[PDB]
């Protein structure tokens, strides 16, 4: 039964932004026309709220007191005139700057001459105050100057976040911070708590190129960091290409489907003045929007890929027994794709399936659902009225500390944290699972009665898991339920007692595996497939670098590619052999410490070549 209410958490931003269609070629008239078309198309009623002015409004000029100055030939009345126009339509206004001394308009000019000085470094408080005073509700802070200068992203965006907070506090106007640093230095590790959204990869589309499904899928894959997203903090796979020239209606729907299953921001990027009726309908689908904006705030995850390129993604929705599902076909042929209740963390009990594009219920099942999916296409479903897998419930064993937390398998779990926050403001806490990288959790007002917020966490098989909270409201118990589709295994070295680990949750192709203290993080949870892959993050394969066949060959992660160097035999003697090479996974020089490199080596009887994988 439902006995403690789920507290709604903030959704990702919805709106439109000027970059994808206009590059730096923007002025007051360009923005005004898009606002008018946005309104005319009925986007506001569907939930689209932000009109975001991206790069090109500012050429780096400041007055003698350091105040940003604009060219009023392009921005008549100054920037407060465009915010006034946007606000006049009941919408929110966004602006754009850089973390460094000079912006992307300087480092990578794209439609205009280089703009030296187009960044906010040395002026964070000044500029944030200025944006808020002008009437901006949103600010996207880019990284061209940060990257150029060699800045540390985590500490730099903390400083920026603090300045954003002070500016909003001074004016009384909330300011939504978008961190835009392209997945450099792993923002999934640190951005939650600093900002409601952070870019997880490089740009979905570049100036002068045509929209690409390959690029779209790459951005989608790189945005999946389910432990980092929760309670109003979101991974950002970038601005929508929906409705841009070259994309068909089906590719537009697939674009919406994948952003929605992530719970990503829906920031339209097409030219709204020439948008078709069909495109507007795709942006406005309320059932797909409701999935994207789900009140529980969680990120969808891959739950099945029994056949290469035929994938099922599941998202845990608000309430109990409710899921959204995307069936995605990355192959060149139409194929059936099945999602099983077991993989979704439901029991084998009746549930209703609905197709969100057909807007019709399409059947019931106590076990699963199969649909035909076109080559390169997708189907968007909900599965509702299901029965949840049995959860564990825990009471804290000391202040803010939950111990003995149990998982049948290593992998992803949904945790509901009970608490009371009988004030008018959200409070935050730091959450750390085992020895993993910590995260920040937000706790919205509850009234006098307790409520829950939810987080996804990665746990180790067994009953040795700990969840520790620091700061924030006293919690009143946790509930833990597994998502079996995400099941993996720690790969633990016999000699070292340490786990095969990818440093600091890095996803970059070619990153070498290492030994590290076992903590059950996503960067330690390996899924062994029927294709003999050892898969990390749902989408990276343990890989003998460049198909190396001799001693000392580096073992890395790489996009899964079906090659023999990504295939592994898990042998009865405790060895793990690379299929291509016949060599053993090996902790280099039989070292046992954190940071010991994993390599391939000729198989022997040494315990630095012995592993447990359950």
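Residue numbers count along the first chain shown, from 1.
*Asks:* Going by the B-factors listed in the PDB entry, is the mean over the C-alpha atoms higher for 305-313 or for 520-528?
*Replies:* Higher of the two, by average CA B-factor, is 305-313.
*Asks:* Looking only at CA atoms, which has the higher mean B factor in the entry: 453-461 or 355-363?
*Replies:* Averaging CA B-factors over each stretch, the winner is 355-363.
*Asks:* Can you tell me which of 188, 233, 85, 220 has the maximum CA B-factor listed in the PDB entry?
*Replies:* In this record, 85 carries the highest C-alpha B-factor of the candidates.
*Asks:* Among 471, 263, 119, 193, which carries the highest Cα B-factor?
*Replies:* Out of 471, 263, 119, 193, the record gives the largest C-alpha B-factor to 471.
*Asks:* Sorting by Cα B-factor within the chain, modelled residues only, which third would residue 22 end up in: lowest, middle or highest?
*Replies:* According to the entry, residue 22 has a C-alpha B-factor in the chain's highest third.
*Asks:* Mind checking which third residue 271 falls in for C-alpha B-factor across the chain?
*Replies:* According to the entry, residue 271 has a C-alpha B-factor in the chain's highest third.
*Asks:* Using only modelled residues of the chain, where does the Cα B factor of residue 54 rank: lowest third, middle third or highest third?
*Replies:* Its C-alpha B-factor belongs to the lowest third of this chain's values.
*Asks:* Considering only modelled residues of the same chain, in which third does the CA B-factor of residue 335 rank: lowest, middle or highest?
*Replies:* According to the entry, residue 335 has a C-alpha B-factor in the chain's highest third.
*Asks:* Could you say whether, by C-alpha temperature factor, residue 556 belongs to the lowest, middle or highest third of its chain?
*Replies:* Tercile = lowest for this residue's CA B-factor.
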